[PDB]
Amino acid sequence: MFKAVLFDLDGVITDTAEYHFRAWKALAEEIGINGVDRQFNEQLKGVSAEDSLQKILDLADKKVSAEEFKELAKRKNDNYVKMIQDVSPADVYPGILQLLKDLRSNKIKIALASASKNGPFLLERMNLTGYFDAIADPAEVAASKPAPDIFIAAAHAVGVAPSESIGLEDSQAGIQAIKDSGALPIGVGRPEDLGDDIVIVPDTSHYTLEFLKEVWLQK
């Protein structure tokens, strides 16, 4: 049996992937870049703020100064942070609170494997902090998603090997990070976006302890 579950936050615990998208799209358009649509945004999910802005700039082969880059990242974060102030426990995605309670009851470790510097604040907004045994610090890893480091760190923070863990993700980059960590990925979203080579559920209500156990059993 698996010993830990390693959670992505945005798009897994709550619908904040939508808010990252809207904030990055708005930023892109302010600097005259119009290609940040939902399809392109599949390349932005899971990656750090710095990598997100770089991918957007790359889209238009645009070059900005280092000072401008810092200011643009800050502007997007400030906007995003305002957007999320009213997040509450009502915003936790279906099934997720039950899953956390069921994992806890069965002595399965719970760790956050989020790239987001806003992760601790969002878990507080949603009254979820008490369920997490550890939160991996995304500033402390040497390499961000799709590098596996954050998933490895999250497993190690709860005293479990990645190979004894399940990772839950909504992004291409995150799925790759889970694969390379040694943990077992279960994605949420569309196979058109996330692939046909791992288990994908259509919505978070499918993330039940019973389903996770069966996935684990089947390999």
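Numbering starts at 1 and follows the sequence shown.
Looking at mean Cα B-factors across 67-75 and 93-101, the upper value is held by 67-75.
Higher mean CA B-factor, judged across 195-203 and 18-26 from the recorded values: 195-203. Ranking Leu123, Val141, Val81, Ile110 by Cα temperature factor from the entry places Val141 first. Looking at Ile175, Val188, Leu59, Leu44, the one whose CA carries the top B-factor in the deposited record is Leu59. Annotation for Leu6: CA B-factor lies in the lowest third of the chain's modelled residues. Among all modelled residues in its chain, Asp170 ranks in the lowest third by Cα B-factor. When the CA B factors of the chain's modelled residues are split into thirds, the value for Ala147 lands in the highest one. Among the modelled residues of the chain, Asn34 sits in the highest third by CA temperature factor in this PDB entry. The PDB entry assigns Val158 a C-alpha temperature factor belonging to the highest third of its chain's modelled residues.
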